[PDB]
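Only one structure is covered here, and it is reproduced in the block below.
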Amino acid sequence: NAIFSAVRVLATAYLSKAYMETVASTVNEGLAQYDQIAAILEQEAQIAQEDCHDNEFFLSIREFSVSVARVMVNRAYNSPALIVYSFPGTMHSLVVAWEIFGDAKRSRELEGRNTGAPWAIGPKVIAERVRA
Amino acid sequence: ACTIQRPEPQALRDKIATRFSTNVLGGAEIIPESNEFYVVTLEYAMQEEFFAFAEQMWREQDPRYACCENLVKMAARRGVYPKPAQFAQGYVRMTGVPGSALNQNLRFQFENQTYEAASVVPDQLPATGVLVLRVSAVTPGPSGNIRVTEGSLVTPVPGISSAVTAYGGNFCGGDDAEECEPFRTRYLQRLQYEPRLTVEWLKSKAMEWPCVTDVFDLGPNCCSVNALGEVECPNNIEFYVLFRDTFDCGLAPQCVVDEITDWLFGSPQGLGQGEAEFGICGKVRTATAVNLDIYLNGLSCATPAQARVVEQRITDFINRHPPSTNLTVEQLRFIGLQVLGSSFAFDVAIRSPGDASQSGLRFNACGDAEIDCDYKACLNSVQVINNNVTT
Amino acid sequence: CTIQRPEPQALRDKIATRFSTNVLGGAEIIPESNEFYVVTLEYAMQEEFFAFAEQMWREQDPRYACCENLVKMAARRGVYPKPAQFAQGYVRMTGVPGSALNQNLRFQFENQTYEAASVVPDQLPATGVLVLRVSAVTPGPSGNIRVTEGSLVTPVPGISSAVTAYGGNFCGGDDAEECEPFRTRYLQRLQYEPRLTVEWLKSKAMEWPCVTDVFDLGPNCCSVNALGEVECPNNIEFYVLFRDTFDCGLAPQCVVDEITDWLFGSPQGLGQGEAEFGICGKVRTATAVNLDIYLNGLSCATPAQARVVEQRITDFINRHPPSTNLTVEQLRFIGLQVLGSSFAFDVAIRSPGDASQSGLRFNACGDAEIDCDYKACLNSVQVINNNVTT
């Protein structure tokens, strides 16, 4: 069991390091990724504490999980700081980008976060927070 | 295995839920999905950590589980400390024309090992032109032990012969430091309950005599039974000692062990003039060598790496074998089989040199080499017979 | 590997992140809201737990436990403090033989009351002399006075009212221990283990009052070690001296008998005393043998050197172990060490009045041979001159 348990913990730790190198497409998706990891770390913690198999390992695993949460949650909610807008009706990606930001060249960003064809984005849009 | 009894998780989760309702919500239970439900669950999560913290900080206070740093701190409070590294030692004979002045920094070399004077050197060579010095290895560790009787001055000085010789013996006694795990077992042994610790105390003490390497208790073959068919327990104390780094096969002559016995027990014994307590009588023994030849069969099908290690393991096993103990084919077969694999075809046999008879050696039907009292199996040669396979 | 007590800031943040993520779904903790007070209260409970735990685990350490907690977890292992001790000494009394004695004697020496400590016989011995062991009535260092004459507190028919103390020696007084000196000698005892080595038994004897030296049986004694049908030595015996109290440091048999009973127990061989189970022994005294020493030639040395030689020789013989030869060479060496190797020195040993004394003989070389239970005692050292120089 030592081989299996050690491998799984190492893989999860490096997987988290991989998620930190990419931008969160959406807050809902960003948090979904975190839940996928917290379960694995929590699952490992119970096994290592079933019958005091390794108390020190249980403490270390628990401390790591909260550390992961502090960063994963921050990335989802504050990496680009997305927000939902409420437009009066569907409009093109180019027009939407110009209105919100004032630069039509930024319509590229809206592609990955909003479903729908490029000519029917809306009526509610997800974009960044203007910080003029 | 837990030392802090932890009630069943269901029993705990009810207790927290009941306490929360009685104090905050006024007797009503929790809604399945609400802030009250989650705070309760989080409280349970922190509950587990407190149990672990309490248990962990108990484990860090027990000798058989504490950390290495903490272990030494506790040991220091009961007069037990780890053994530091040792330096080799010995005597050196120096010859030169009388009158020539000497130097303190002078040093020697014996087979790539450099030794330095370990005592205040006199001002100049004495009248007879012969001088004796005490030397210690420049660097610690077991590498300072060697069996040689000629050296050579490394820093020439006028009027002193360019050749230097040691005493009839040799330099030894150096050893490496003590690790953590060997220290832990030693400390635990002291704390435990052991009957007849006087025997243990003497055995440990005898290891401090120079040139000693191992201490072995009386072997199983040394048991004796009187004519009444009842096992006999003596009131004396005896055991074996080996000098694997000084004598051929580690067996020393009788005259050497006689000196140790007098120092340990006194002269006459039992009066407490020696290291032993009052009213203690004993004797330190030696052993005689019986040669053996070992033949490994069916090892050609294995890769060269496997053959090399298997030969090495068997050689070490025979070398460290205690005196007055049987040597069985099963032991050697098991050791090699543990490396090759349980399904391998491995067989070993034991025979005497020239198939001649020796004193204290007897072969049984199964092929074991039974050995009498005061006799140790000394390896003579290891031969791996040759055949052809896999072509 | 090691996990230790977390710091405050590193601990509060851990709770806030855990509380926020698992309850508020990642929402930030707005200060002064209800969650702010909940989080800080949770941290308080977290910290108070560690502080108390560290506080209690200190008391289990003898190096730092308070005094009242040190007496326990020390009496459990059989290590108690020490109260004020009692001074002790020896007394002598004489009277009409056959007079009835009492077990409630009391002696007043000088503002101090001493009570009999041994068992007083029913009647005075035939010789009319009795020696007792007495202890002070008030414990403390004040009982170590040095007076030589005292009087019986209450008169007794047929017994004189004047008594004397051998050498006016009184020793053993002391004061009670304190907490700090007690903490040591306890955590020091943790690192010790007795072994019955002959040094231990020899040391134990000196604890008896007014004992100065202790020696093994000398070369001229053929000891017995079996004392039974056993294969290993079983018996131990040795001498004692009272240099500061008795003449020549030799005590009557009435005293050494008491020491033997206490040290080896009574009955013997059953470990009833301070000795191991199944070990028997005996403590014995010796009878004095007087000697006279004639130093020849010292009169021509400076007065300062003459006194030194006389003083050194007297001291050496006083400390001489019982039942051991007193060779001439030992005396001569003392003279050469101070007078110089080129001096014309000579010594000789003769008995007082050139008489015969039991247990004394002179060998060819001129030394003195002494048998068992006998000791060499200096009687008088004189200087003679029978040569010419200067």
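Throughout, read-outs are computed from the coordinates displayed, never taken from laboratory work. No Cβ is skipped: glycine too gets one built from the backbone with ideal geometry, and neighbour counts run over all protein chains shown.
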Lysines whose Cα lies under 27 Å from that of residue C:375, excluding same-chain neighbours fewer than 8 positions away: C:202, C:204, C:282
Which one, C:272, C:250, C:290, is farthest towards the positive end of the dipole of the stretch C:234-297 when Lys and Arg carry +1 and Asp and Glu -1 on their Cβ? C:290
For the stretch B:60-130 and the stretch A:90-106, write down the distance between their C-alpha centroids in whole Å. 84 Å
Report the one residue of A:58, C:322, B:367 whose Cα lies farthest in the direction of the positive end of the charge dipole of the protein assembly as shown (charges on C-beta: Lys and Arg +1, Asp and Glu -1; origin at the Cα centre). A:58
Candidate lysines for bridging to residue C:72, where Cα separation is under 19 Å - those fewer than 8 sequence places away on the same chain excluded: C:82
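Please list, by residue number, every one of the trypsin sites (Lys or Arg not before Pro) in the stretch C:277-341 that is coil in DSSP and has at most 13 other beta-carbon atoms within 10 Å.
Numbers: sites: C:282, C:284, C:307, C:312, C:319, C:332; in loops: C:284, C:319.
Here the sparse-neighbourhood loop sites are C:319.
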The rounded separation in angstrom of the Cα centers of the stretch C:1-38 and the stretch C:339-379 is 95 Å
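Roughly how big is the stretch B:5-133's charge dipole about its Cα centre, with Cβ charges of +1 (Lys, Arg) and -1 (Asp, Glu), in debye to the nearest 20?
On the way: 12 positive and 15 negative charges, 185 e Å.
Dipole size: approximately 880 debye.
Regarding the protein assembly as shown, what's the average projected area of the Cα-atom convex hull, expressed in nm²? Mind showing how you got there, number by number?
On the way: hull surface 308.5 nm².
Averaged projected hull area, Cα only: 77.1 nm².
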Could you pull out every one of the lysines with an alpha carbon less than 24 Å from that of residue B:83, ignoring same-chain neighbours closer than 8 positions? B:73, B:203, B:205
If I model a spin label as a point 7 Å beyond the Cα along the Cα-Cβ vector, how far apart are those points for residue B:214 and residue C:230 in nm? 3.6 nm
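Not counting the cut sites, what is the longest span of chain A without GluC sites (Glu not before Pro) that DSSP labels loop and that have at most 16 other Cβ atoms within 10 Å? Walk me through the intermediate numbers first.
Values: sites that count: A:21, A:50, A:128.
That would be A:51-127.
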Taking the Cα centre of the protein assembly as shown as the origin and placing charges on Cβ (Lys, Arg +1; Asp, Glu -1), which of C:181, B:100, A:11 is farthest toward the positive end of the dipole? B:100
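In square nanometres, what is one fourth of the surface area of the convex hull spanned by the alpha carbons of the stretch C:126-248?
Numbers: hull surface 54.9 nm².
Here the figure is 13.7 nm², rounded to one decimal.
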For chain C: relative contact order, % (alpha-carbon pairs under 8 angstrom, 6 or more apart): 11 percent
What ranking do B:232-241, A:84-93 get when scored by the average of other Cβ atoms within 10 Å per residue, highest first? B:232-241, A:84-93
Taking only Cα atoms, what is the 0 to 90° angle, nearest 10, from helix B:197-206's long axis to the longest principal axis of chain B? 50 degrees
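Might you report the magnitude of the Cβ-based charge dipole of the protein assembly as shown about its Cα centre, with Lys and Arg at +1 and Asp and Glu at -1, to the nearest 20 debye?
Details: 72 positive and 107 negative charges, 274 e Å.
Dipole of the protein assembly as shown, to the nearest 20 debye: 1320 debye.
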Dipole of chain A, Cα-centred, from +1 at each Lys and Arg C-beta and -1 at each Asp and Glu C-beta, to the nearest 20 debye? 760 debye
Vicinal HN-Hα couplings computed from phi for the stretch B:89-98 (Karplus, 6.51 cos²θ - 1.76 cosθ + 1.60; Hz; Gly/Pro x): 7, x, 10, 9, 9, 10, 10, x, 5, x
